[PDB]
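Right, one structure below, let's go through it.
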Amino acid sequence: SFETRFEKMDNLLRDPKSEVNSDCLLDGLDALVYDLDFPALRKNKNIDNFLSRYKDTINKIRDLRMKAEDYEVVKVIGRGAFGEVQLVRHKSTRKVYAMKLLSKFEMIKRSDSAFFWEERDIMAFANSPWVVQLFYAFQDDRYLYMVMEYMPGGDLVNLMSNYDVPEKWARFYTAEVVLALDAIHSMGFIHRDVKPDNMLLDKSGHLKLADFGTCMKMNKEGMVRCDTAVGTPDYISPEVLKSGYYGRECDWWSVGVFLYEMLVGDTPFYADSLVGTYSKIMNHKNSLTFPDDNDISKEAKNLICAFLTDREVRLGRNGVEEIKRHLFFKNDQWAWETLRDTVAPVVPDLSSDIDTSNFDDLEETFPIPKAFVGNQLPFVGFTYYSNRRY
Amino acid sequence: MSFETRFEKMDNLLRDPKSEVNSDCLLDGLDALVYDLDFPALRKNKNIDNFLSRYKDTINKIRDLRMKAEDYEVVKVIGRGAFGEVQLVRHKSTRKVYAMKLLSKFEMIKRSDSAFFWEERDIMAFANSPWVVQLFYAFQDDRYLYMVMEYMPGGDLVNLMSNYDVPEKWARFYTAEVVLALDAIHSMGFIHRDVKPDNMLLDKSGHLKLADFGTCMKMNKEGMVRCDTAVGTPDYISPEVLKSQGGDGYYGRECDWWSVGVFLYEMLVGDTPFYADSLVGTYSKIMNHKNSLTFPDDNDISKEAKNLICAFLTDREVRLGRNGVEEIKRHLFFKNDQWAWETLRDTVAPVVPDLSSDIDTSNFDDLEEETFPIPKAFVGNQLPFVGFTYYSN
Ligand SMILES: COc1cccc(CC(=O)Nc2nc(-c3ccncc3)cs2)c1
Ligand SMILES: COc1cccc(CC(=O)Nc2nc(-c3ccncc3)cs2)c1
């Protein structure tokens with residue numbers, strides 16, 4: 001029907017999950033205006049006139065929509081592969097957030113992924129206390145910005161480097177990681193890179209996963225067919241490393257590595273060279289050993305080994321409930337169903353809404369195109385602002 | 001401004017039918033990009049290939065869901081112009097009857113001229129006057145621009161004039177309606193420039209509406225408009241608009257009154273006052289209006305009409321209407337006992353069309369497609385038409 005058509009077409013500009021919603025549409029025009037404003041291209045009149053026409057309009061759009069200058073940068077709280085994360089304060093709302101910047105130039109220069117796409121979707125729509133939340137996603141001619149809730153507790157790498165983690169704490173953190181990974185698996189994703197670096201702590205000391213750079217969607221039979229290895233050298237599972245066809249079992253390998261590192265102090269397959277770490281991983285059968293540690297309980301050693309085995313015998317091959325049922329978790333302080341409502345082992349004592357004490361101390365683009373390059377095309381639709389899921 | 005205000009303002013901008021960035025214009029921008037990039041030479045670039053491959057399934061859905069030409073059943077081609085053809089159509093679903101002006105995108109780009117249609121769209125779309133033909137929908141594709149208007153079954157004034165020796169009483173009515181119609185356009189901030197009987201359309205009731213606002217242009221701070229554009233068929237063109245060629249020339253609304261005088265002349269006399277075989281001869285006669293304007297030796301034209309014709313067929317500086325419409329309105333030619341200016345369109349028109357159906361084309365005379373070459377690099381042929389789409393409610 002004529003009505004049906006205009007209704008169906010209408011829901012398409014509203015749906016935050018739609019490829020053609022106002023957010024993508026605005027981005028698309030904003031992209032064209034950016035990718036064409038060069039003298040060599042402006043020599044063509046169709047181009048010159050189009051730009052000259054939308055000049056006054058596109059600037060209004062640019063000022064009205066979310067821009068980076070809307071945020072006052074408090075401190076650079078982190079640095080990664082393709083950009084930097086920063087504690088910011090939205091100048092108008094005076095609200096405090098953690099903002100992940102991703103250099104559009106850097107990614108384009110042999111990025112090979114489009115990794116930020118599921119990183120956006122997961123954070124934007126997860127709706128889990130276990131996933132860091134995306135409030136706004138916006139861009140410009142140089143970067144991709146992710147405006148997420150700030151985790152003042154810092155990461156697990158910081159906790160571990162400041163405490164000799166008692167088993168009682170390791171139990172809590174491991175358990176929370178199990179709940180957190182399960183949530184991601186339920187969303188249909190395999191995390192592919194579970195490490196302390198991605199474990200973040202809130203105002204209350206409770207866990208959230210961040211940086212789903214490596215996330216991939218599981219197929220019909222809960223598998224991923226990635227022909228190349230993905231992850232971190234110590235936490236990588238041997239199956240992922242060799243590749244390949246694999247399942248969620250790989251994220252449990254990583255849990256075992258994390259449990260080991262917390263209680264032992266080092267990674268189970270650590271070796272001088274990164275190649276030596278790879279070697280030790282492939283020989284997990286004979287390389288996994290425990291020091292003379294009267295502290296590491298029989299159950300913990302069992303759990304570590306139940307996760308640090310070949311995929312086919314891994315704890316978690318038959319689901320989370322077999323991990324949950326493990327005696328290591330048997331305790332009188334929390335129940336799985338209410339674990340995040342219990343009181344954390346390390347409650348952060350914070351000085352302000354901008355206390356950066358749990359984050360270590362910290363502080364070029366594409367050339368002018370000869371012809372049409374379309375450098376801003378692979379980022380059309382990244383904006384999460386005009387049409388969001390409230 | 002607050003963050004909230006800033007969000008809300010940006011929201012109203014995707015809703016406003018008067019906005020350059022409302023959802024329909026934005027859809028156009030993407031639709032254009034998809035059309036202007038789907039070529040193998042450009043697809044050699046991955047940024048391009050991936051963008052297209054990504055939006056492929058989406059853009060097709062958009063194409064079928066949005067208003068298309070195949071939504072309309074063409075009844076008869078009711079007209080033909082320079083860059084396309086007008087046609088009486090019936091919307092297949094609603095079964096509603098409209099006039100549809102088609103414009104060839106290839107022809108417009110080919111002939112340099114590709115922007116006249118803007119002021120035509122806006123005027124018809126937003127005028128909201130009984131004097132302006134109404135635009136209900138404006139839509140496009142890789143080949144044409146489409147304007148879906150209300151059908152004027154009464155036909156044009158050129159047809160009326162060719163079928164009747166217009167009595168002065170009728171000419172008074174038609175002239176008066178044209179004055180009200182032009183005033184409405186001027187009020188909107190536009191000068192028509194080349195007014196003529198061809199642009200005077202008659203409704204189901206025989207009342208007037210202006211159409212074909214191609215030559216139309218928006219006035220500046222001082223109610224003036226500057227132009228370079230070479231203008232053909234000078235018969236109704238004012239000597240100031242003719243003088244203006246190359247950008248040398250700023251003129252006002254006074255030029256549309258010149259054309260009224262030409263129309264009043266043609267109705268009562270039977271021919272155009274400056275008609276000559278060649279178009280150059282018509283131009284020559286216009287520039288020499290002072291000595292070329294003459295009336296035939298038959299007592300038939302009334303003194304008032306002659307004065308009015310001459311009051312409009314003078315140099316800009318002394319033209320009736322240089323001091324506003326009220327001085328035209330006050331002219332003795334209009335002095336009558338049949339209508340009042342304030343209620344003229346509520347009166348019973350001199351020629352009421354007797355029509356056979358909702359598709360009666362009796363007042364409209366009886367009536368290879370070149371294609372764009374493939375481009376080695378980015379041509380952007382679709383860009384001058386981004387945002388032409390408009391829907392009503
Ligand atoms: C992929 O290239 C980068 C660029 C910058 C930083 C990183 C590491 C990273 O992904 N860092 C994240 N940090 C948070 C965070 C930090 C503090 N509070 C809440 C969330 C969420 S993801 C990777
Ligand atoms: C130069 O570009 C063209 C292309 C096709 C036709 C024309 C002439 C024209 O502009 N003709 C019009 N006719 C109506 C109309 C006719 C009947 N009923 C309602 C509207 C509105 S504009 C010009």
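Please read every residue number as a count from 1 along the shown chain.
Per deposition record, X-ray crystallography, 3.4 Å.
The backbone N, Cα and C atoms fix where each Cβ goes, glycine too.
Look at Swiss-Prot and you will find B:72-334 tagged as domain 'Protein kinase'.
The Cβ neighbour count for B:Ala82 (ATP binding site), using a 10 Å radius and every protein chain shown, is 13. Annotated ATP binding site per Swiss-Prot: B:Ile78, B:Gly79, B:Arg80, B:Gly81, B:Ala82, B:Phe83, B:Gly84, B:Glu85, B:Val86, B:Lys101, in sequence order, evidence recorded as sequence analysis.
According to Swiss-Prot, the feature active site, proton acceptor maps to B:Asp194, an assignment based on sequence analysis. Cβ neighbour count for B:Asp194 (active site, proton acceptor) (all protein chains, 10 Å cutoff from its Cβ): 23. In this structure, B:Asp194 (active site, proton acceptor) belongs to neither helix nor strand by DSSP; it is coil.
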Flanking Cα pair B:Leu367 / B:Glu368, between which 5 residues have no modelled coordinates, distance in Å: 16
Length of the line joining the Cα atoms of B:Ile78 (ATP binding site) and B:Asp194 (active site, proton acceptor), in Å: 21
Cβ contacts of B:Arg80 (ATP binding site) (under 8 Å, same chain, 6 or more positions away): B:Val86, B:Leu367
Binding residues B:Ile78, B:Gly79, B:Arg80, B:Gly81, B:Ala82, B:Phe83, B:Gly84, B:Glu85, B:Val86, B:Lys101 (ATP) - maximum C-alpha distance in whole Å: 15
B:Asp194 (active site, proton acceptor) versus B:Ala82 (ATP binding site) - Cα distance in angstrom: 15
Cβ under 6 Å from ligand 2: qualifying recorded positions of B:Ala82, B:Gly84, B:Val86, B:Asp194: B:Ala82, B:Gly84, B:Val86
Local Cβ density at B:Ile78 (ATP binding site) - other Cβ atoms counted within 10 Å: 22
Which same-chain residues, if any, lie at least 6 apart from B:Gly84 (ATP binding site) yet have Cβ under 8 Å of it: B:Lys101, B:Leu102, B:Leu103, B:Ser104, B:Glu107, B:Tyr144
Cβ neighbours of B:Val86 (ATP binding site) where a neighbour is any other Cβ within 10 Å: 21
